[PDB]
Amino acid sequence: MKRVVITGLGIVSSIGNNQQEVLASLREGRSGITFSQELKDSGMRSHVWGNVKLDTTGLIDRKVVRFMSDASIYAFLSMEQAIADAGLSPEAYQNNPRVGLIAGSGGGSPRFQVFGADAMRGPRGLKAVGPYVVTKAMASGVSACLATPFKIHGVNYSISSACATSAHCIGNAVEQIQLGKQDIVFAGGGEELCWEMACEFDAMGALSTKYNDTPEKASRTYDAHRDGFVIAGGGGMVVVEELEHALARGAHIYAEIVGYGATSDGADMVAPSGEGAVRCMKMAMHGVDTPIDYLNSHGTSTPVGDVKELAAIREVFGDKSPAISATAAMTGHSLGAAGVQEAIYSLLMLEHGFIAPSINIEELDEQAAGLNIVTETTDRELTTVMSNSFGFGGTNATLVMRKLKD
């Protein structure tokens, strides 16, 4: 079938408002986690988050941003970055049936959903709600709010799969190109950061709560003292393009997507079975004649999750396990945006030949023994990288990206 490559990327995360800032943070093992007064004031036990340090005010046209929630804003900014980074101009991607958009969020916008209900319950009712809540709270807000202003004419929808959301978006974009339906598909997602949504995760005890005094140490994937993930927000977008089309326009190709796995655990609702992850990684590795040099694990810094994935990794690679690092230890877990952001971190590592450190590992978990977990920025000529994304509902996504040629 058609070969697919990534020709542009854009990102707004807790560790950088663009790929340059993100690159700098990854190289330095810099944490994007900070103390959140908002989370504390809400009554939560987790008082830390990976927030986007960016004043979005005036960055998007008033008539466009009025329909957007933060997830959409983050994705929109990421898309603007990816478009420029891909070297694409309106005449090329706008009003083009061959150019699509597949991007979503894990929870749409709890903030505006609550805003709507709060306003409605007030004395002004519908007048207080306003006519822009649907597009903001809508589960497809991210795709709707981007496809419209960017004049996308091809595929247009969101894929939702919790923590695997943007990973499946990328995989689905790849499929659209392999099916010969699209030449370019902007894929990714965004996730707002708010107590409205964060309290739901805290309520199930999934968030870190023992390190509120030392925010940068809260997310500690593989550390024996980890106690939950640190919620994060942000966006990411990559330009997925058919190989010949990219070469024809002399695009800059970060890597080719040579593998995409999407499986289901069909077991536990909020806990990984590991079995699903094994099949997912194997599916993404099928046909890949090159070994995985680096693996950006899901590793959100959870007691059971972290180890379950490592067990799956050991089962897939055996004694030939690749270098592993969980960027979440630095960035936190951006839920729906995690897939594309982590795919981007992996692409930056592949592009700049280095492995980002898995920080805050003061005491490696006993179940992370015979594995190569990189805890220090290491320069290395990577060729093939893998990124795993596992969300609630036992949904798994794995992407394998490899350098093209020369």
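Throughout, we count residues from 1 along the sequence that is shown.
For the segment pair 223-231 and 158-166, the entry gives 223-231 the higher mean B-factor, averaged over Cα atoms.
In this entry, 204-212 has the higher mean Cα B-factor, the comparison being between 68-76 and 204-212. As recorded in the PDB entry, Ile355 shows the highest C-alpha B-factor of the residues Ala343, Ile33, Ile355, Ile60.
Within the selection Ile152, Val142, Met269, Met237, the deposited Cα B-factor values reach their highest point at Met269. Sort the modelled residues of the chain by CA B factor and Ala338 lands in the lowest third. When the modelled residues of the chain are ordered by C-alpha B-factor, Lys320 sits in the highest third.
In the PDB entry, a CA B factor belonging to the middle third of its chain's modelled residues is recorded for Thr331. Residue-level temperature factors show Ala187 in the lowest third of its chain, judged at the C-alpha atom. Split the chain's modelled residues into thirds by C-alpha temperature factor. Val133 is in the middle one.
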